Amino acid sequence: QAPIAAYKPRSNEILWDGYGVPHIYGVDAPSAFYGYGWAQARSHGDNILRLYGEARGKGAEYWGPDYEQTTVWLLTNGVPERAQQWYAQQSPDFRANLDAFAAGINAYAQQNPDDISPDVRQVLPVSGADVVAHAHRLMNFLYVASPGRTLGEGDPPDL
């Protein structure tokens, strides 16, 4: 028995339900990824920009001493430079999805600047490489290798 007939989108659109869930329809993959970036910027834009800035190695520069220890941690482990390398090292097709995702964030911000908090505006525009960078910090330098385990410190988050 076959699965149900897949739906084939004929136009690019987000249908949001009553709980703020985006259903992103794209005519191809870069379109859907752009819609996803747009939706994420709408629902979570400030904190995504803050995190992207941190993964650039620029948390101290953008927001000061509260962000300084993470900056030292990431620059010392080469995260921002390595992210650019992972970015260049992507397959063409997937790289195009990452550029689209980032373009979606940029577009949301550009069209709704009232919705972006002042202290994160300096982060824009974001790139495919910022997306790769944040995922790298998250997987390898928050989950696998936490700064606490290396520096001999207290509990994980911060509170």
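Residue indices: 1-based, along the sequence shown.
- When the C-alpha B-factors of 8-16 and 132-140 are averaged, 8-16 comes out higher.
- Residue-level temperature factors show residue 94 in the highest third of its chain, judged at the C-alpha atom.
- Sort the chain's modelled residues by C-alpha temperature factor and residue 60 lands in the highest third, per the entry.
- In the deposited entry, the Cα temperature factor of residue 32 sits in the middle third of values across the chain's modelled residues.
- Per-chain ranking of the deposited C-alpha B factor places residue 67 in the highest third.
- Among the modelled residues of its chain, residue 151 has a C-alpha B-factor that falls in the highest third according to the deposited record.
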